[PDB]
């Protein structure tokens, strides 16, 4: 099984601003770690192209993309009304190179999708992607351009049915919304729910019109652990595969669902998270693996390094190799992480009752 992987050496140089939790540097740390494990010997590594306005407007509105192409720190005063309209300037800040960042993020995802469509690879990886909150005409949740939606649109040229799976701790609302009224994409999100960003992803949100029953949401509480997550992920995705029979899969691998994350409150290890990748691989479908959140950046590097190894069917040692960020991995300098003692608020009965409701909804498919 062939793996192609996208990385631009400048991606880690884009900076959201002092105090902003989103740190693109984590992608560079990921790259450096997997280079030092030698995983480059086993996969094709490509620099993404800069996605064009033409590519982005396959989903996004022309006026929103023109604005993103225009806005800079130095001209914000002139654009204050557009900033309000497009939701840029606070949680989605204006920063130097914002548009180029969007171009490289998106380029990796669309390029991966083209490679899968051309049957030139079995798996494509873009850790700079996964920006699941961006909306047709507005930024949201640190996300400006929805690389995932654009990648899925590319797959839909060749594939009648595309499955999207999202294991970020946040609901993938921008992706769900884009495809909410179609049966040609089934969206499956596992996420923290209960007055938590973005507020959507209720398990009663099942899609609308032709898309009714083609959106699947598994709302979870704080503290979910590897065993609990594993016992619902494999059965739900197995049932989705049996009922939906997709011909391509997109997996958002947001790492803010790991134990110890600065913003998230789940308790997964890197092994528990990566088990999701292993499960999806067993179906032998063309697979686009994307990044996502993650705010404890040493753990993001560990998670995506290990998930790359999983894609390559390669075990790698727990002892970390020397690397340019080695001091970030103290005090233990291991790849794998331990869970915390936080309480798991997801009772066995809760997990099984929700799974049973999702099974009933999946049985509604043709």
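Residue numbers count along the first chain shown, from 1.
Comparing 356 to 364 with 3 to 11, the stretch with the higher mean C-alpha B-factor in the PDB entry is 356 to 364.
Look at the mean CA B-factor for 39 to 47 and for 327 to 335 in the entry; the higher one is 39 to 47. Highest C-alpha temperature factor among 258, 71, 215, 276, as the PDB entry reports it: 71. Each of 105, 140, 146, 245 has a CA temperature factor in the record; the biggest one is found at 245. Per the deposited record, the Cα B-factor of residue 119 falls in the highest third when ranked against the other modelled residues of its chain.
Among all modelled residues in this chain, the alpha-carbon of residue 32 has a temperature factor (C-alpha) in the lowest third. Ranked against the other modelled residues of its chain, the C-alpha B-factor of residue 83 as given in the entry falls in the highest third. Annotation for residue 96: C-alpha temperature factor in the highest third relative to the rest of the modelled chain, per the entry.
Ranked within its chain, residue 230 lands in the highest third, by CA B factor from the PDB record.
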